[PDB]
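Undergrad: Before anything else, here's the structure in question.
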Amino acid sequence: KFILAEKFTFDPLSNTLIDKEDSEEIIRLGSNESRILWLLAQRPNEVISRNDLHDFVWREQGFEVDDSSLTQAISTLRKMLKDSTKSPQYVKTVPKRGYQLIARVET
Amino acid sequence: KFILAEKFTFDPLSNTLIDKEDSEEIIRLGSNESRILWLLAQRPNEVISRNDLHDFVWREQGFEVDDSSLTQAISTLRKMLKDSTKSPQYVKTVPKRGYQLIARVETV
DNA sequence: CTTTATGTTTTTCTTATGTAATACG
DNA sequence: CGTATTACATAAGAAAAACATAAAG
């Protein structure tokens, strides 16, 4: 289990995400997004290779999807988190390098 | 005679420029720059084409100089005014359209 | 005064990423 | 009804073009 921005609880091994605003409302996370978060967390405030994310999220079960699916899933994740395009508080895009987890991370 | 920023006094007809800082120091302007200033002044805050300048500042007495001369004259002129390129107090450059006189201008 | 040479800023052009919308298992 | 891909939209970067200035002639 993980703690993020001192505001969100996240149980990865169940793909589930909660907020101190809403003790009531867990949000489901599509396997993709959850894995994304899990990985960005294990290595916080580091930059993650676009491909690194791609590969950890898909093809262990084979899946040679297009590159765009990642970009979508990202946007999806910030639409769940309600992180503004810019200024981003939780997840910074690093152009041509990948994505970075800037939110502070508790455990 | 013209007055700029309530600071510089510009006599175009003797190419002289004087600062309220310096009642003493007369600054002499190479003809080119005085002419530029005269023009920019008579059409203040308007954008002057790069060619309008070129032509007015030369050619009636001939000259087929290149564009660089203009650019240089401007740098020169701003040096006379202690005008900092960015950010300017007197003379704006307007990419591909020319130069423009933002300053506050009076007449005598 | 012109021009030339070296430096800095702007604009144009190309690539990277973001969504909202349609297609799909 | 939750993913993929689709179609535009915006942001970032790169490259070409313009301008600024310090030196030479």
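Chains: A, B, ... in order of the structure tokens. Residues: from 1 per chain. Ligands: from 1, in order shown.
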As number ranges by chain, please: the residues near residue 32 (chain A) (cut-off 12 Å, only C-alpha atoms (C1' of nucleotides), same-chain neighbours under 3 positions excluded).
TA: A: 12, 15, 28-29, 35-39, 53-59, 69-74, 76-77; D: 2-4
Undergrad: Where does DSSP see strand (DSSP E or B) in region 8-75 of chain A, if you list the residues as a list in words?
TA: residues 8, 9, 10, 11, 16, 17, 18, 19, 27, 28, 47, 48 and 49 of chain A
Undergrad: Could you write out that same residue set with N, CA and C atoms as an mmCIF file, in the first residue's frame?
TA:
```cif
data_model
loop_
_atom_site.group_PDB
_atom_site.id
_atom_site.type_symbol
_atom_site.label_atom_id
_atom_site.label_comp_id
_atom_site.auth_asym_id
_atom_site.auth_seq_id
_atom_site.Cartn_x
_atom_site.Cartn_y
_atom_site.Cartn_z
ATOM 1 N N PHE A 8 -3.742 10.931 -1.347
ATOM 2 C CA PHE A 8 -4.335 9.744 -1.959
ATOM 3 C C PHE A 8 -3.718 8.462 -1.416
ATOM 4 N N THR A 9 -4.572 7.530 -1.001
ATOM 5 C CA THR A 9 -4.133 6.173 -0.710
ATOM 6 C C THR A 9 -4.276 5.320 -1.962
ATOM 7 N N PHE A 10 -3.357 4.382 -2.121
ATOM 8 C CA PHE A 10 -3.344 3.597 -3.341
ATOM 9 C C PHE A 10 -2.935 2.181 -2.977
ATOM 10 N N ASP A 11 -3.851 1.237 -3.198
ATOM 11 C CA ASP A 11 -3.481 -0.158 -3.056
ATOM 12 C C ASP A 11 -3.255 -0.663 -4.467
ATOM 13 N N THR A 16 -6.609 -0.140 -6.983
ATOM 14 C CA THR A 16 -7.621 0.707 -6.379
ATOM 15 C C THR A 16 -7.006 1.940 -5.750
ATOM 16 N N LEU A 17 -7.802 3.001 -5.744
ATOM 17 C CA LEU A 17 -7.312 4.343 -5.485
ATOM 18 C C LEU A 17 -8.344 5.138 -4.703
ATOM 19 N N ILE A 18 -7.935 5.694 -3.558
ATOM 20 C CA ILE A 18 -8.819 6.457 -2.687
ATOM 21 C C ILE A 18 -8.183 7.812 -2.354
ATOM 22 N N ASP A 19 -9.029 8.719 -1.839
ATOM 23 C CA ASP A 19 -8.768 10.141 -1.594
ATOM 24 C C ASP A 19 -9.296 10.553 -0.224
ATOM 25 N N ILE A 27 -11.842 4.717 -6.609
ATOM 26 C CA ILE A 27 -11.927 4.583 -8.055
ATOM 27 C C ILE A 27 -11.185 3.339 -8.497
ATOM 28 N N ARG A 28 -11.833 2.585 -9.372
ATOM 29 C CA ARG A 28 -11.147 1.552 -10.112
ATOM 30 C C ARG A 28 -10.114 2.189 -11.024
ATOM 31 N N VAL A 47 12.807 9.707 -13.867
ATOM 32 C CA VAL A 47 12.233 9.699 -15.196
ATOM 33 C C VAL A 47 12.159 8.260 -15.672
ATOM 34 N N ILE A 48 11.025 7.901 -16.258
ATOM 35 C CA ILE A 48 10.802 6.558 -16.762
ATOM 36 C C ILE A 48 10.726 6.637 -18.278
ATOM 37 N N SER A 49 11.654 5.928 -18.917
ATOM 38 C CA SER A 49 11.692 5.629 -20.341
ATOM 39 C C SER A 49 10.309 5.261 -20.868
#
```
Undergrad: May I ask you to extract the residues of chain C within 12 Å of chain B, using only C-alpha atoms (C1' of nucleotides), and to give them as a PyMOL selection string?
TA: chain C and resi 1-4+8-11
Undergrad: Let's have the selection written as an mmCIF file, in the first residue's frame, with N, CA and C atoms (P, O5', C5', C4', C3', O3' and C1' of nucleotides).
TA:
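Final file, part_38.cif:
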```
data_model
loop_
_atom_site.group_PDB
_atom_site.id
_atom_site.type_symbol
_atom_site.label_atom_id
_atom_site.label_comp_id
_atom_site.auth_asym_id
_atom_site.auth_seq_id
_atom_site.Cartn_x
_atom_site.Cartn_y
_atom_site.Cartn_z
ATOM 1 O "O5'" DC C 1 29.719 57.877 -40.394
ATOM 2 C "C5'" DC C 1 29.355 58.114 -41.750
ATOM 3 C "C4'" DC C 1 29.969 57.065 -42.665
ATOM 4 C "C3'" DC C 1 29.067 55.881 -42.964
ATOM 5 O "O3'" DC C 1 28.800 55.818 -44.334
ATOM 6 C "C1'" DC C 1 31.264 55.142 -42.308
ATOM 7 P P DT C 2 27.551 54.953 -44.826
ATOM 8 O "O5'" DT C 2 28.092 53.467 -44.810
ATOM 9 C "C5'" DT C 2 28.406 52.869 -46.026
ATOM 10 C "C4'" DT C 2 29.544 51.866 -45.902
ATOM 11 C "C3'" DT C 2 29.073 50.452 -45.929
ATOM 12 O "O3'" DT C 2 29.152 49.994 -47.175
ATOM 13 C "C1'" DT C 2 30.889 50.750 -44.432
ATOM 14 P P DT C 3 28.292 48.703 -47.532
ATOM 15 O "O5'" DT C 3 29.155 47.503 -46.889
ATOM 16 C "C5'" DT C 3 30.514 47.323 -47.283
ATOM 17 C "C4'" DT C 3 31.281 46.466 -46.287
ATOM 18 C "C3'" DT C 3 30.777 45.038 -46.143
ATOM 19 O "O3'" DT C 3 31.704 44.183 -46.791
ATOM 20 C "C1'" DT C 3 31.451 45.995 -44.046
ATOM 21 P P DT C 4 31.462 42.607 -46.866
ATOM 22 O "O5'" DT C 4 32.095 42.112 -45.484
ATOM 23 C "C5'" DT C 4 33.325 42.677 -45.038
ATOM 24 C "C4'" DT C 4 33.831 41.961 -43.813
ATOM 25 C "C3'" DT C 4 33.401 40.495 -43.689
ATOM 26 O "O3'" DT C 4 34.471 39.746 -43.069
ATOM 27 C "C1'" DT C 4 32.659 41.666 -41.817
ATOM 28 P P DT C 8 26.053 35.427 -27.029
ATOM 29 O "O5'" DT C 8 24.723 36.303 -26.920
ATOM 30 C "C5'" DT C 8 24.438 37.233 -27.938
ATOM 31 C "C4'" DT C 8 22.950 37.525 -28.053
ATOM 32 C "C3'" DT C 8 21.985 36.597 -27.313
ATOM 33 O "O3'" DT C 8 20.756 37.332 -27.073
ATOM 34 C "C1'" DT C 8 21.626 36.372 -29.580
ATOM 35 P P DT C 9 19.473 36.667 -26.373
ATOM 36 O "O5'" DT C 9 18.269 37.650 -26.731
ATOM 37 C "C5'" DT C 9 18.377 38.532 -27.830
ATOM 38 C "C4'" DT C 9 17.393 38.195 -28.930
ATOM 39 C "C3'" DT C 9 16.042 37.611 -28.504
ATOM 40 O "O3'" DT C 9 15.021 38.533 -28.908
ATOM 41 C "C1'" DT C 9 16.897 36.537 -30.423
ATOM 42 P P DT C 10 13.472 38.279 -28.586
ATOM 43 O "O5'" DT C 10 12.926 37.701 -29.960
ATOM 44 C "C5'" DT C 10 12.978 38.502 -31.107
ATOM 45 C "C4'" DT C 10 12.565 37.739 -32.364
ATOM 46 C "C3'" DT C 10 11.158 37.149 -32.354
ATOM 47 O "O3'" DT C 10 10.356 37.751 -33.430
ATOM 48 C "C1'" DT C 10 12.744 35.593 -33.215
ATOM 49 P P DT C 11 8.835 37.292 -33.656
ATOM 50 O "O5'" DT C 11 9.009 36.152 -34.728
ATOM 51 C "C5'" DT C 11 10.045 36.276 -35.644
ATOM 52 C "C4'" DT C 11 9.826 35.388 -36.827
ATOM 53 C "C3'" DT C 11 8.424 34.833 -36.977
ATOM 54 O "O3'" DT C 11 8.101 34.761 -38.395
ATOM 55 C "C1'" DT C 11 9.963 33.058 -36.619
#
```
Undergrad: Run DSSP on the backbone and grab whatever in chain B lands in alpha helix (DSSP H); send it over as a ChimeraX atom specification.
TA: /B:31-42,50-57,67-81
Undergrad: Suppose we keep N, CA and C atoms; can you now write the selection as a CSV table (one decimal), in the first residue's frame?
TA:
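Wrote it out as selection-v1.csv, contents follow:
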```csv
chain,number,residue,atom,x,y,z
B,31,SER,N,25.2,61.6,-39.4
B,31,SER,CA,24.0,62.1,-40.1
B,31,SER,C,23.0,61.0,-40.0
B,32,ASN,N,23.4,59.8,-40.5
B,32,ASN,CA,22.5,58.7,-40.5
B,32,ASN,C,21.5,58.6,-39.3
B,33,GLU,N,22.1,58.6,-38.1
B,33,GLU,CA,21.3,58.4,-36.9
B,33,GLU,C,20.3,59.5,-36.7
B,34,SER,N,20.8,60.8,-36.9
B,34,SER,CA,19.9,61.9,-36.7
B,34,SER,C,18.7,61.7,-37.7
B,35,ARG,N,19.0,61.2,-38.8
B,35,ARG,CA,17.9,61.2,-39.8
B,35,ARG,C,16.9,60.2,-39.4
B,36,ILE,N,17.3,59.0,-39.1
B,36,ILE,CA,16.5,58.0,-38.5
B,36,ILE,C,15.7,58.6,-37.4
B,37,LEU,N,16.3,59.2,-36.4
B,37,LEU,CA,15.5,59.8,-35.3
B,37,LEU,C,14.5,60.8,-35.8
B,38,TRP,N,14.9,61.7,-36.6
B,38,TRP,CA,13.9,62.7,-37.2
B,38,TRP,C,12.7,62.0,-37.8
B,39,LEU,N,12.9,60.9,-38.5
B,39,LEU,CA,11.8,60.2,-39.2
B,39,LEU,C,11.0,59.6,-38.1
B,40,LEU,N,11.6,58.7,-37.3
B,40,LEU,CA,10.8,58.0,-36.3
B,40,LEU,C,10.0,59.0,-35.5
B,41,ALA,N,10.5,60.2,-35.3
B,41,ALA,CA,9.8,61.2,-34.5
B,41,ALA,C,8.6,61.7,-35.3
B,42,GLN,N,8.8,62.2,-36.5
B,42,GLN,CA,7.7,62.8,-37.2
B,42,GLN,C,6.6,61.8,-37.4
B,50,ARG,N,11.6,48.7,-43.0
B,50,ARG,CA,13.1,48.8,-43.0
B,50,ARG,C,13.6,49.6,-44.2
B,51,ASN,N,12.8,49.5,-45.3
B,51,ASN,CA,13.2,50.2,-46.6
B,51,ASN,C,12.9,51.7,-46.5
B,52,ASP,N,11.8,52.1,-45.9
B,52,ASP,CA,11.5,53.5,-45.8
B,52,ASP,C,12.7,54.2,-45.1
B,53,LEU,N,13.2,53.7,-44.0
B,53,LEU,CA,14.4,54.1,-43.4
B,53,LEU,C,15.6,54.1,-44.4
B,54,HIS,N,15.9,52.9,-44.9
B,54,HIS,CA,17.0,52.8,-45.8
B,54,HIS,C,17.0,53.9,-46.8
B,55,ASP,N,15.9,54.1,-47.4
B,55,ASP,CA,15.8,55.1,-48.6
B,55,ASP,C,15.9,56.5,-48.1
B,56,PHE,N,15.2,56.9,-47.1
B,56,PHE,CA,15.3,58.2,-46.5
B,56,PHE,C,16.7,58.5,-46.0
B,57,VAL,N,17.4,57.5,-45.5
B,57,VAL,CA,18.6,57.8,-44.9
B,57,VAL,C,19.8,57.7,-45.9
B,67,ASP,N,21.5,46.2,-46.1
B,67,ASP,CA,20.7,46.4,-45.0
B,67,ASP,C,21.5,46.5,-43.7
B,68,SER,N,22.6,45.7,-43.6
B,68,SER,CA,23.3,45.7,-42.3
B,68,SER,C,23.6,47.1,-41.8
B,69,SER,N,23.9,48.1,-42.7
B,69,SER,CA,24.2,49.4,-42.3
B,69,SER,C,23.0,50.0,-41.4
B,70,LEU,N,21.8,49.9,-41.9
B,70,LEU,CA,20.6,50.3,-41.1
B,70,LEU,C,20.7,49.6,-39.7
B,71,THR,N,20.7,48.3,-39.6
B,71,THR,CA,20.8,47.6,-38.4
B,71,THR,C,21.9,48.2,-37.5
B,72,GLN,N,23.1,48.4,-38.1
B,72,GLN,CA,24.2,49.0,-37.3
B,72,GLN,C,23.8,50.3,-36.8
B,73,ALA,N,23.4,51.2,-37.7
B,73,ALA,CA,23.0,52.6,-37.3
B,73,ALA,C,22.0,52.4,-36.1
B,74,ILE,N,21.0,51.5,-36.2
B,74,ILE,CA,20.2,51.4,-35.0
B,74,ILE,C,20.9,51.1,-33.8
B,75,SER,N,21.7,50.0,-33.8
B,75,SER,CA,22.5,49.7,-32.6
B,75,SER,C,23.2,51.0,-32.1
B,76,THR,N,23.9,51.6,-33.0
B,76,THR,CA,24.6,52.9,-32.8
B,76,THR,C,23.6,53.9,-32.1
B,77,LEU,N,22.5,54.2,-32.7
B,77,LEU,CA,21.5,55.1,-32.1
B,77,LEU,C,21.1,54.7,-30.7
B,78,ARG,N,20.8,53.4,-30.5
B,78,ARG,CA,20.4,53.1,-29.2
B,78,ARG,C,21.5,53.3,-28.2
B,79,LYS,N,22.7,53.0,-28.6
B,79,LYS,CA,23.9,53.3,-27.7
B,79,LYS,C,24.0,54.8,-27.3
B,80,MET,N,23.6,55.7,-28.3
B,80,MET,CA,23.6,57.1,-27.9
B,80,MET,C,22.5,57.4,-26.9
B,81,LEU,N,21.4,56.7,-26.9
B,81,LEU,CA,20.3,57.0,-26.0
B,81,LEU,C,20.4,56.2,-24.7
```
Undergrad: Set the cut-off to 12 Å and count only C-alpha atoms (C1' of nucleotides): what are the residues of chain C that reach chain A? Output as a PyMOL selection string.
TA: chain C and resi 15-20
Undergrad: Have a look at CA of residue 43 (chain A) and CA of residue 102 (chain A) and let me know their distance in Å, one decimal.
TA: 10.4 Å
Undergrad: Contacts between chain B and chain D, please, where a residue of chain D counts if it comes within 12 Å (with only C-alpha atoms (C1' of nucleotides)); show its shortest atom pair and distance in Å to one decimal, rows by chain and ascending number, as a tab-separated table.
TA:
```
residue	atom	partner	partner_atom	distance
D:17	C1'	B:96	CA	9.8
D:18	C1'	B:95	CA	7.0
D:19	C1'	B:71	CA	7.2
D:20	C1'	B:75	CA	6.6
D:21	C1'	B:75	CA	7.3
D:22	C1'	B:72	CA	11.1
```
Undergrad: Between A:52, A:83, A:66, A:106, single out the one closest to chain D, counting only C-alpha atoms (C1' of nucleotides).
TA: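 Of A:52, A:83, A:66, A:106, the one nearest chain D, counting only C-alpha atoms (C1' of nucleotides), is A:66.
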Undergrad: Can you measure CA of residue 104 (chain B) to CA of residue 4 (chain B) for me? One decimal in Å is fine.
TA: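 Straight-line distance from CA of residue 104 (chain B) to CA of residue 4 (chain B) works out to 5.6 Å.
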